[PDB]
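A.B. asks: mmCIF, C-alpha atoms and all ligand atoms, file work23.cif:
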data_coords
loop_
_atom_site.group_PDB
_atom_site.id
_atom_site.type_symbol
_atom_site.label_atom_id
_atom_site.label_comp_id
_atom_site.auth_asym_id
_atom_site.auth_seq_id
_atom_site.Cartn_x
_atom_site.Cartn_y
_atom_site.Cartn_z
ATOM 1 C CA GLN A 1 30.770 -52.298 -45.279
ATOM 2 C CA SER A 2 28.482 -49.249 -45.814
ATOM 3 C CA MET A 3 26.358 -46.455 -44.125
ATOM 4 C CA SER A 4 23.815 -43.685 -44.989
ATOM 5 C CA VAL A 5 24.062 -40.124 -43.611
ATOM 6 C CA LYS A 6 21.299 -37.708 -44.940
ATOM 7 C CA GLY A 7 20.596 -39.795 -48.074
ATOM 8 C CA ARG A 8 24.326 -40.008 -49.019
ATOM 9 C CA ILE A 9 26.106 -43.443 -49.075
ATOM 10 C CA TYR A 10 29.516 -43.816 -47.281
ATOM 11 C CA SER A 11 31.864 -46.821 -47.456
ATOM 12 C CA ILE A 12 33.858 -47.665 -44.268
ATOM 13 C CA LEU A 13 37.691 -48.045 -44.709
ATOM 14 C CA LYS A 14 38.840 -48.397 -41.054
ATOM 15 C CA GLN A 15 37.772 -47.572 -37.494
ATOM 16 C CA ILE A 16 39.645 -44.685 -35.839
ATOM 17 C CA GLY A 17 38.161 -44.305 -32.284
ATOM 18 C CA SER A 18 28.810 -45.331 -26.842
ATOM 19 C CA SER A 19 30.856 -43.663 -29.663
ATOM 20 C CA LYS A 20 32.844 -45.090 -32.621
ATOM 21 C CA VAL A 21 34.780 -42.898 -35.169
ATOM 22 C CA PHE A 22 35.491 -44.276 -38.699
ATOM 23 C CA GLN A 23 37.449 -43.363 -41.818
ATOM 24 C CA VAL A 24 35.006 -43.404 -44.794
ATOM 25 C CA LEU A 25 34.698 -42.741 -48.598
ATOM 26 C CA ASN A 26 31.657 -41.015 -50.212
ATOM 27 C CA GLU A 27 30.000 -41.714 -53.679
ATOM 28 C CA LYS A 28 32.448 -39.117 -55.255
ATOM 29 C CA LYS A 29 35.370 -41.242 -53.714
ATOM 30 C CA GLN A 30 36.321 -38.515 -51.151
ATOM 31 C CA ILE A 31 37.769 -39.323 -47.695
ATOM 32 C CA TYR A 32 35.874 -38.303 -44.499
ATOM 33 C CA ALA A 33 35.545 -39.127 -40.767
ATOM 34 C CA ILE A 34 32.211 -40.371 -39.448
ATOM 35 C CA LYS A 35 31.531 -40.077 -35.777
ATOM 36 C CA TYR A 36 28.811 -42.570 -34.674
ATOM 37 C CA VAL A 37 27.176 -41.979 -31.233
ATOM 38 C CA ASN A 38 24.621 -44.315 -29.651
ATOM 39 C CA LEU A 39 21.856 -42.380 -27.795
ATOM 40 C CA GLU A 40 20.100 -45.608 -26.564
ATOM 41 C CA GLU A 41 21.192 -45.409 -22.861
ATOM 42 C CA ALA A 42 21.629 -41.566 -22.746
ATOM 43 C CA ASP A 43 19.795 -39.078 -20.463
ATOM 44 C CA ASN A 44 18.503 -35.537 -21.188
ATOM 45 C CA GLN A 45 21.514 -33.765 -19.537
ATOM 46 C CA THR A 46 23.708 -36.032 -21.789
ATOM 47 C CA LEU A 47 21.550 -35.248 -24.922
ATOM 48 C CA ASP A 48 21.699 -31.514 -24.188
ATOM 49 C CA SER A 49 25.472 -31.663 -23.734
ATOM 50 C CA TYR A 50 25.628 -33.477 -27.199
ATOM 51 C CA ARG A 51 23.281 -31.022 -29.016
ATOM 52 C CA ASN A 52 25.123 -28.090 -27.440
ATOM 53 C CA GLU A 53 28.583 -29.247 -28.587
ATOM 54 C CA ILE A 54 27.291 -29.973 -32.210
ATOM 55 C CA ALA A 55 25.654 -26.479 -32.481
ATOM 56 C CA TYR A 56 28.898 -24.811 -31.250
ATOM 57 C CA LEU A 57 31.041 -26.921 -33.687
ATOM 58 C CA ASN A 58 28.641 -26.101 -36.557
ATOM 59 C CA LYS A 59 28.812 -22.263 -35.761
ATOM 60 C CA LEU A 60 32.560 -21.965 -34.941
ATOM 61 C CA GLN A 61 33.410 -23.653 -38.271
ATOM 62 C CA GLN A 62 32.715 -20.349 -40.124
ATOM 63 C CA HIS A 63 35.073 -18.464 -37.712
ATOM 64 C CA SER A 64 38.301 -20.525 -38.058
ATOM 65 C CA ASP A 65 40.058 -23.146 -40.162
ATOM 66 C CA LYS A 66 41.825 -24.356 -36.938
ATOM 67 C CA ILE A 67 38.477 -25.918 -35.877
ATOM 68 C CA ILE A 68 37.592 -29.369 -37.427
ATOM 69 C CA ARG A 69 35.229 -29.229 -40.467
ATOM 70 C CA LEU A 70 31.706 -30.615 -39.825
ATOM 71 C CA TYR A 71 30.179 -31.274 -43.249
ATOM 72 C CA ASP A 72 26.833 -32.880 -42.345
ATOM 73 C CA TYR A 73 24.930 -34.698 -39.584
ATOM 74 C CA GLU A 74 21.932 -36.998 -38.970
ATOM 75 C CA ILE A 75 20.245 -37.004 -35.521
ATOM 76 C CA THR A 76 17.593 -39.375 -34.266
ATOM 77 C CA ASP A 77 16.356 -40.541 -30.838
ATOM 78 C CA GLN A 78 18.620 -43.662 -31.157
ATOM 79 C CA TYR A 79 21.831 -42.273 -32.786
ATOM 80 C CA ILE A 80 24.029 -39.426 -34.177
ATOM 81 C CA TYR A 81 26.132 -39.558 -37.396
ATOM 82 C CA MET A 82 28.579 -36.732 -37.974
ATOM 83 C CA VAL A 83 30.362 -36.299 -41.325
ATOM 84 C CA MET A 84 33.639 -34.547 -40.547
ATOM 85 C CA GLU A 85 37.059 -33.959 -42.076
ATOM 86 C CA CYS A 86 39.608 -36.751 -41.759
ATOM 87 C CA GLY A 87 42.872 -35.941 -40.015
ATOM 88 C CA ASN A 88 46.186 -37.744 -40.403
ATOM 89 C CA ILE A 89 46.852 -38.523 -36.682
ATOM 90 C CA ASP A 90 45.970 -36.869 -33.334
ATOM 91 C CA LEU A 91 48.636 -34.674 -31.693
ATOM 92 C CA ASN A 92 49.184 -37.150 -28.776
ATOM 93 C CA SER A 93 49.984 -40.276 -30.843
ATOM 94 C CA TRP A 94 52.115 -38.130 -33.225
ATOM 95 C CA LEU A 95 54.172 -36.889 -30.192
ATOM 96 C CA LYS A 96 54.314 -40.357 -28.516
ATOM 97 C CA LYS A 97 55.736 -41.875 -31.794
ATOM 98 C CA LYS A 98 58.247 -38.989 -32.346
ATOM 99 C CA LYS A 99 61.549 -38.848 -30.404
ATOM 100 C CA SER A 100 62.658 -35.195 -31.078
ATOM 101 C CA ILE A 101 60.244 -32.458 -32.356
ATOM 102 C CA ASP A 102 61.403 -29.736 -34.828
ATOM 103 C CA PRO A 103 61.442 -26.123 -33.479
ATOM 104 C CA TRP A 104 59.701 -24.798 -36.618
ATOM 105 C CA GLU A 105 56.869 -27.367 -36.452
ATOM 106 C CA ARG A 106 56.515 -26.698 -32.676
ATOM 107 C CA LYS A 107 56.248 -22.882 -33.238
ATOM 108 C CA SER A 108 53.735 -23.599 -36.085
ATOM 109 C CA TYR A 109 51.610 -25.982 -33.939
ATOM 110 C CA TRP A 110 51.589 -23.487 -31.016
ATOM 111 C CA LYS A 111 50.243 -20.717 -33.301
ATOM 112 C CA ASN A 112 47.420 -23.102 -34.431
ATOM 113 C CA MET A 113 46.489 -24.097 -30.819
ATOM 114 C CA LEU A 114 46.302 -20.370 -29.841
ATOM 115 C CA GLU A 115 44.129 -19.579 -32.953
ATOM 116 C CA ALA A 116 41.681 -22.470 -32.142
ATOM 117 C CA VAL A 117 41.415 -21.925 -28.321
ATOM 118 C CA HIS A 118 41.149 -18.153 -28.842
ATOM 119 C CA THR A 119 38.065 -18.757 -31.148
ATOM 120 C CA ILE A 120 36.122 -20.793 -28.582
ATOM 121 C CA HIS A 121 37.000 -18.058 -26.001
ATOM 122 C CA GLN A 122 35.497 -15.331 -28.256
ATOM 123 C CA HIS A 123 32.186 -17.319 -28.185
ATOM 124 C CA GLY A 124 32.148 -17.734 -24.386
ATOM 125 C CA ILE A 125 33.645 -21.266 -24.427
ATOM 126 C CA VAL A 126 36.360 -22.348 -21.897
ATOM 127 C CA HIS A 127 37.401 -25.917 -22.818
ATOM 128 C CA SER A 128 38.958 -26.761 -19.338
ATOM 129 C CA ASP A 129 40.142 -30.278 -20.351
ATOM 130 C CA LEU A 130 42.794 -29.515 -22.987
ATOM 131 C CA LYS A 131 45.235 -32.329 -23.863
ATOM 132 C CA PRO A 132 47.292 -33.152 -27.018
ATOM 133 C CA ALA A 133 44.567 -35.852 -27.753
ATOM 134 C CA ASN A 134 42.094 -32.904 -28.392
ATOM 135 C CA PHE A 135 44.078 -31.717 -31.471
ATOM 136 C CA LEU A 136 44.354 -33.197 -34.959
ATOM 137 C CA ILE A 137 47.130 -32.940 -37.505
ATOM 138 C CA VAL A 138 45.590 -32.213 -40.919
ATOM 139 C CA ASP A 139 47.929 -31.227 -43.753
ATOM 140 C CA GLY A 140 50.624 -29.826 -41.432
ATOM 141 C CA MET A 141 48.038 -27.817 -39.516
ATOM 142 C CA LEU A 142 46.648 -28.452 -35.995
ATOM 143 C CA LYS A 143 42.863 -28.586 -35.548
ATOM 144 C CA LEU A 144 40.785 -28.505 -32.309
ATOM 145 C CA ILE A 145 38.701 -31.747 -32.247
ATOM 146 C CA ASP A 146 36.149 -30.681 -29.567
ATOM 147 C CA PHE A 147 35.020 -27.925 -27.093
ATOM 148 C CA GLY A 148 34.721 -29.815 -23.795
ATOM 149 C CA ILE A 149 30.886 -29.219 -23.654
ATOM 150 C CA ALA A 150 29.800 -32.871 -24.480
ATOM 151 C CA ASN A 151 29.799 -35.477 -21.647
ATOM 152 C CA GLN A 152 32.948 -37.751 -21.359
ATOM 153 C CA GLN A 153 43.965 -39.567 -23.204
ATOM 154 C CA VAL A 154 41.139 -39.476 -20.542
ATOM 155 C CA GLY A 155 41.257 -38.833 -16.799
ATOM 156 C CA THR A 156 44.891 -37.474 -17.043
ATOM 157 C CA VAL A 157 45.750 -34.692 -14.518
ATOM 158 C CA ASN A 158 49.080 -33.689 -16.214
ATOM 159 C CA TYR A 159 47.468 -30.692 -18.070
ATOM 160 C CA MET A 160 45.110 -29.725 -15.179
ATOM 161 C CA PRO A 161 45.235 -26.082 -13.839
ATOM 162 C CA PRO A 162 45.664 -25.342 -10.062
ATOM 163 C CA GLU A 163 42.238 -23.570 -10.017
ATOM 164 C CA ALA A 164 40.565 -26.769 -11.395
ATOM 165 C CA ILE A 165 42.135 -28.913 -8.593
ATOM 166 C CA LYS A 166 40.906 -26.614 -5.716
ATOM 167 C CA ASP A 167 37.169 -26.692 -6.824
ATOM 168 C CA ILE A 168 37.480 -21.593 -14.236
ATOM 169 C CA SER A 169 38.133 -18.820 -16.792
ATOM 170 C CA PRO A 170 40.098 -18.690 -20.152
ATOM 171 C CA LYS A 171 43.286 -18.679 -18.022
ATOM 172 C CA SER A 172 42.621 -22.415 -17.302
ATOM 173 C CA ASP A 173 42.977 -23.200 -21.039
ATOM 174 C CA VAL A 174 46.258 -21.116 -20.919
ATOM 175 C CA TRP A 175 47.745 -23.399 -18.193
ATOM 176 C CA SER A 176 46.807 -26.529 -20.265
ATOM 177 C CA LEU A 177 48.247 -25.133 -23.529
ATOM 178 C CA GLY A 178 51.460 -24.330 -21.587
ATOM 179 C CA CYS A 179 51.690 -27.977 -20.422
ATOM 180 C CA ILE A 180 51.269 -29.130 -24.121
ATOM 181 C CA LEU A 181 53.994 -26.725 -25.274
ATOM 182 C CA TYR A 182 56.166 -27.904 -22.299
ATOM 183 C CA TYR A 183 55.841 -31.522 -23.554
ATOM 184 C CA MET A 184 56.871 -30.440 -27.114
ATOM 185 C CA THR A 185 59.829 -28.564 -25.500
ATOM 186 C CA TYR A 186 61.156 -30.803 -22.668
ATOM 187 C CA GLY A 187 59.788 -34.261 -23.671
ATOM 188 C CA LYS A 188 57.569 -34.546 -20.561
ATOM 189 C CA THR A 189 54.734 -32.560 -18.869
ATOM 190 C CA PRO A 190 55.847 -30.338 -15.853
ATOM 191 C CA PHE A 191 54.613 -32.914 -13.245
ATOM 192 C CA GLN A 192 55.083 -36.191 -15.281
ATOM 193 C CA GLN A 193 57.966 -37.323 -12.920
ATOM 194 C CA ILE A 194 55.370 -37.952 -10.107
ATOM 195 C CA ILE A 195 53.681 -41.397 -10.457
ATOM 196 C CA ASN A 196 51.339 -41.083 -7.355
ATOM 197 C CA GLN A 197 48.178 -39.168 -8.503
ATOM 198 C CA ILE A 198 47.553 -37.484 -5.082
ATOM 199 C CA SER A 199 51.267 -36.485 -4.710
ATOM 200 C CA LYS A 200 50.996 -35.027 -8.285
ATOM 201 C CA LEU A 201 47.840 -32.953 -7.431
ATOM 202 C CA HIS A 202 49.545 -31.883 -4.164
ATOM 203 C CA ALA A 203 52.479 -30.492 -6.260
ATOM 204 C CA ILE A 204 50.483 -28.685 -9.005
ATOM 205 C CA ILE A 205 48.767 -26.573 -6.299
ATOM 206 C CA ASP A 206 51.777 -25.995 -3.971
ATOM 207 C CA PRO A 207 53.689 -22.722 -4.804
ATOM 208 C CA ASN A 208 56.838 -23.877 -2.928
ATOM 209 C CA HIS A 209 57.061 -26.705 -5.534
ATOM 210 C CA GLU A 210 59.299 -25.000 -8.138
ATOM 211 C CA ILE A 211 58.665 -26.134 -11.754
ATOM 212 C CA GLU A 212 62.004 -26.685 -13.574
ATOM 213 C CA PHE A 213 62.596 -24.681 -16.749
ATOM 214 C CA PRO A 214 65.995 -25.942 -18.057
ATOM 215 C CA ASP A 215 68.060 -23.479 -20.219
ATOM 216 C CA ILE A 216 67.071 -24.066 -23.912
ATOM 217 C CA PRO A 217 68.531 -22.180 -27.017
ATOM 218 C CA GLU A 218 65.099 -20.555 -27.533
ATOM 219 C CA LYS A 219 64.909 -17.852 -24.805
ATOM 220 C CA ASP A 220 61.421 -16.702 -26.053
ATOM 221 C CA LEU A 221 60.045 -20.300 -25.824
ATOM 222 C CA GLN A 222 61.306 -20.512 -22.186
ATOM 223 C CA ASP A 223 59.526 -17.208 -21.402
ATOM 224 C CA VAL A 224 56.173 -18.489 -22.864
ATOM 225 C CA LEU A 225 56.345 -21.609 -20.613
ATOM 226 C CA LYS A 226 57.235 -19.539 -17.517
ATOM 227 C CA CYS A 227 54.242 -17.182 -18.424
ATOM 228 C CA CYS A 228 51.674 -19.959 -18.988
ATOM 229 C CA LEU A 229 52.700 -22.064 -15.974
ATOM 230 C CA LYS A 230 51.949 -19.471 -13.218
ATOM 231 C CA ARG A 231 49.738 -20.963 -10.390
ATOM 232 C CA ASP A 232 47.735 -17.706 -9.934
ATOM 233 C CA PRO A 233 45.281 -17.248 -12.860
ATOM 234 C CA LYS A 234 45.507 -13.472 -12.083
ATOM 235 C CA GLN A 235 49.332 -13.599 -12.760
ATOM 236 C CA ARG A 236 48.982 -15.800 -15.905
ATOM 237 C CA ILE A 237 49.378 -14.496 -19.503
ATOM 238 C CA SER A 238 46.159 -14.201 -21.647
ATOM 239 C CA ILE A 239 45.568 -15.706 -25.175
ATOM 240 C CA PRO A 240 45.518 -12.203 -26.874
ATOM 241 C CA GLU A 241 48.855 -11.557 -25.025
ATOM 242 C CA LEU A 242 50.307 -14.908 -26.176
ATOM 243 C CA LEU A 243 49.397 -14.060 -29.805
ATOM 244 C CA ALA A 244 51.579 -10.920 -29.537
ATOM 245 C CA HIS A 245 54.544 -12.612 -27.698
ATOM 246 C CA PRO A 246 57.954 -12.556 -29.554
ATOM 247 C CA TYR A 247 57.947 -16.412 -29.769
ATOM 248 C CA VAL A 248 54.883 -16.368 -32.096
ATOM 249 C CA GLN A 249 55.881 -13.136 -33.988
ATOM 250 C CA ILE A 250 59.684 -12.905 -34.396
ATOM 251 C CA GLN A 251 61.399 -14.741 -37.359
HETATM 252 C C1 LIG A 301 36.744 -36.970 -35.028
HETATM 253 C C2 LIG A 301 37.267 -36.804 -36.274
HETATM 254 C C3 LIG A 301 38.554 -37.313 -36.552
HETATM 255 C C4 LIG A 301 39.175 -37.188 -37.821
HETATM 256 N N1 LIG A 301 40.374 -37.645 -38.119
HETATM 257 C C5 LIG A 301 41.040 -38.267 -37.138
HETATM 258 S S1 LIG A 301 42.656 -38.895 -37.288
HETATM 259 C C6 LIG A 301 42.725 -39.412 -35.645
HETATM 260 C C7 LIG A 301 41.597 -39.154 -34.949
HETATM 261 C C8 LIG A 301 40.591 -38.491 -35.783
HETATM 262 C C9 LIG A 301 39.271 -37.981 -35.509
HETATM 263 C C10 LIG A 301 38.592 -38.072 -34.270
HETATM 264 N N2 LIG A 301 37.373 -37.596 -34.026
#
Translate the structure described by the file into structure tokens.
Ligand SMILES: c1cc2cnc3sccc3c2cn1

C.D. replies:
Amino acid sequence: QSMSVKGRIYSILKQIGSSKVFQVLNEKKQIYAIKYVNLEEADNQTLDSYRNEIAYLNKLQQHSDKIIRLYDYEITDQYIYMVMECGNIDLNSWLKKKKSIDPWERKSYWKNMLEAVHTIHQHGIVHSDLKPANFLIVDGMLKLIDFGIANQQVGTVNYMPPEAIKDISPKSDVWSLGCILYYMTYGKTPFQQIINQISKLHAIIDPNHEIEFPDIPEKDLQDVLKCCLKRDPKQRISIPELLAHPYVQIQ
């Protein structure tokens, strides 16, 4: 099985993920990821969302290694081919498969998530739909897969900020990152216990609904969670503030 992106031939190895993602090999026998997108039944608002996300991904590549590498692309009126770097596994399936997560790898992953989200924020981008499925493990390093600009773990309200439920600033991405770190800390998201979707949304917003923060041996890690998971965006810690917190800095 084969395919041609900008005159270069790529051999398919396996499918990873309208859109199909594949693991491929080039002529020089190097491993890549090819995202295929079918534009056939797509509107102008959809096309603009797609061209906007590609342009942001192409630009933000130069600013951080914690953003997925985009090597090349081919765009027509019928399709998109994106030659990207191949990750090992996404953060979600890595966590789902793992029972207990190492405190050193968790601190390391946190640092990477802050670096990536901070970059998009410096360029005016608020992701708003952050989940572990949005991050990629590549050579013991987390990488942000996308920016939330392009149309369409999906649907999930577990990482949703209170401000998003009511209706959006960088503080929204802070709430979501805090939910991801909470999962890597406690083994569940803060509201995971609630099956009923409405009853879950009714708890995320309600301030009288106290989020449990059980006593862990990492006092700094407990403080981060308590700082991220504050219902009032005004009272929530910022990304530049998180990057200076003792949890990220102290050895
Ligand atoms: C674009 C590029 C990717 C590269 N590597 C991997 S490994 C598991 C998912 C993915 C992936 C998804 N979208």

A.B. asks: Under the PyMOL selection byres (((chain A and resi 188-201) around 12) and not hetatm), which residues of this model are included? Write them out as an mmCIF file with C-alpha atoms, in the coordinates of the input.

C.D. replies:
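For reference, result_34.cif as written:
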data_model
loop_
_atom_site.group_PDB
_atom_site.id
_atom_site.type_symbol
_atom_site.label_atom_id
_atom_site.label_comp_id
_atom_site.auth_asym_id
_atom_site.auth_seq_id
_atom_site.Cartn_x
_atom_site.Cartn_y
_atom_site.Cartn_z
ATOM 1 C CA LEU A 95 54.172 -36.889 -30.192
ATOM 2 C CA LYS A 96 54.314 -40.357 -28.516
ATOM 3 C CA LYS A 99 61.549 -38.848 -30.404
ATOM 4 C CA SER A 100 62.658 -35.195 -31.078
ATOM 5 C CA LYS A 131 45.235 -32.329 -23.863
ATOM 6 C CA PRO A 132 47.292 -33.152 -27.018
ATOM 7 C CA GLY A 155 41.257 -38.833 -16.799
ATOM 8 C CA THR A 156 44.891 -37.474 -17.043
ATOM 9 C CA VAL A 157 45.750 -34.692 -14.518
ATOM 10 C CA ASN A 158 49.080 -33.689 -16.214
ATOM 11 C CA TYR A 159 47.468 -30.692 -18.070
ATOM 12 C CA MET A 160 45.110 -29.725 -15.179
ATOM 13 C CA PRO A 161 45.235 -26.082 -13.839
ATOM 14 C CA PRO A 162 45.664 -25.342 -10.062
ATOM 15 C CA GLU A 163 42.238 -23.570 -10.017
ATOM 16 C CA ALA A 164 40.565 -26.769 -11.395
ATOM 17 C CA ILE A 165 42.135 -28.913 -8.593
ATOM 18 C CA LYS A 166 40.906 -26.614 -5.716
ATOM 19 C CA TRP A 175 47.745 -23.399 -18.193
ATOM 20 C CA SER A 176 46.807 -26.529 -20.265
ATOM 21 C CA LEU A 177 48.247 -25.133 -23.529
ATOM 22 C CA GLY A 178 51.460 -24.330 -21.587
ATOM 23 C CA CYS A 179 51.690 -27.977 -20.422
ATOM 24 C CA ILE A 180 51.269 -29.130 -24.121
ATOM 25 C CA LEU A 181 53.994 -26.725 -25.274
ATOM 26 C CA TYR A 182 56.166 -27.904 -22.299
ATOM 27 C CA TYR A 183 55.841 -31.522 -23.554
ATOM 28 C CA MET A 184 56.871 -30.440 -27.114
ATOM 29 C CA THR A 185 59.829 -28.564 -25.500
ATOM 30 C CA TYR A 186 61.156 -30.803 -22.668
ATOM 31 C CA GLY A 187 59.788 -34.261 -23.671
ATOM 32 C CA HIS A 202 49.545 -31.883 -4.164
ATOM 33 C CA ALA A 203 52.479 -30.492 -6.260
ATOM 34 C CA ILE A 204 50.483 -28.685 -9.005
ATOM 35 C CA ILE A 205 48.767 -26.573 -6.299
ATOM 36 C CA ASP A 206 51.777 -25.995 -3.971
ATOM 37 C CA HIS A 209 57.061 -26.705 -5.534
ATOM 38 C CA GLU A 210 59.299 -25.000 -8.138
ATOM 39 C CA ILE A 211 58.665 -26.134 -11.754
ATOM 40 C CA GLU A 212 62.004 -26.685 -13.574
ATOM 41 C CA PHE A 213 62.596 -24.681 -16.749
ATOM 42 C CA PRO A 214 65.995 -25.942 -18.057
ATOM 43 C CA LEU A 225 56.345 -21.609 -20.613
ATOM 44 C CA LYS A 226 57.235 -19.539 -17.517
ATOM 45 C CA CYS A 228 51.674 -19.959 -18.988
ATOM 46 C CA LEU A 229 52.700 -22.064 -15.974
ATOM 47 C CA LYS A 230 51.949 -19.471 -13.218
#

A.B. asks: Ligand LIG 301 (chain A): which residues are within 8 Å, counting only C-alpha atoms and all ligand atoms, as a PyMOL selection string?

C.D. replies: chain A and resi 16-17+21-23+32-35+68+84-90+136-137+145

A.B. asks: Expand the PyMOL selection byres (((chain A and resi 59) around 12) and not hetatm) into the individual residues it matches in the shown file, reporting them as a list in words.

C.D. replies: residues 52, 53, 54, 55, 56, 57, 58, 60, 61, 62, 63, 64, 67, 68, 69, 70, 71, 119, 120 and 123 of chain A

A.B. asks: List the residues selected by the PyMOL selection byres (((chain A and resi 9) around 12) and not hetatm) in the file shown, writing them as a PyMOL selection string.

C.D. replies: chain A and resi 1-8+10-12+24-30+32+34+83

A.B. asks: What is the distance between atom CA of residue 93 of chain A and atom CA of residue 14 of chain A, in Å to one decimal?

C.D. replies: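 That distance, rounded to one decimal, is 17.2 Å.
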
A.B. asks: Could you tell me which of A:108, A:78, A:92, A:44 comes closest to residue 249 of chain A if we count all atoms listed in the file?

C.D. replies: A:108

A.B. asks: Between atom CA of residue 48 of chain A and atom CA of residue 239 of chain A, measure the distance and give it in Å to one decimal.

C.D. replies: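 If I compute the distance from atom CA of residue 48 of chain A to atom CA of residue 239 of chain A, I get 28.6 Å.
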
A.B. asks: Could you please determine the separation between atom CA of residue 49 of chain A and atom CA of residue 91 of chain A in Å, to one decimal place?

C.D. replies: 24.7 Å

A.B. asks: I'd like the box whose edges run along x, y and z of the file and which contains every listed atom of segment 15-22 of chain A, padded by 8 Å per side; could you state its centre and edge lengths in Å, one decimal, as JSON?

C.D. replies:
{"center_x": 34.2, "center_y": -45.2, "center_z": -32.8, "size_x": 26.8, "size_y": 20.7, "size_z": 27.9}

A.B. asks: Which residues come within 9 Å of residue 169 of chain A, counting only C-alpha atoms, excluding same-chain residues fewer than 2 positions away, as a list in words?

C.D. replies: residues 126, 128, 171, 172, 173 and 233 of chain A

A.B. asks: So, with all atoms listed in the file as the atoms that count, which of A:125, A:138, A:114, A:133 lies closest to residue 174 of chain A?

C.D. replies: A:114

A.B. asks: Which residues are near residue 248 of chain A? Cut-off 10 Å, only C-alpha atoms, ignore same chain within fewer than 5 positions. Put them as a compact mmCIF listing (two decimals) with C-alpha atoms, keeping the file's coordinate frame.

C.D. replies:
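Resulting contents of around10.txt:
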# COMPACT_ATOMS: atom_id res chain seq x y z
CA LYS A 107 56.25 -22.88 -33.24
CA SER A 108 53.74 -23.60 -36.08
CA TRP A 110 51.59 -23.49 -31.02
CA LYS A 111 50.24 -20.72 -33.30
CA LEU A 114 46.30 -20.37 -29.84
CA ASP A 220 61.42 -16.70 -26.05
CA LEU A 221 60.04 -20.30 -25.82
CA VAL A 224 56.17 -18.49 -22.86
CA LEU A 242 50.31 -14.91 -26.18
CA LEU A 243 49.40 -14.06 -29.80

A.B. asks: At a cut-off of 10 Å from (21.4, -35.1, -37.6) in the coordinates of the file, what residues are picked up using only C-alpha atoms, written as a ChimeraX atom specification?

C.D. replies: /A:5-6,51,54,72-76,79-83
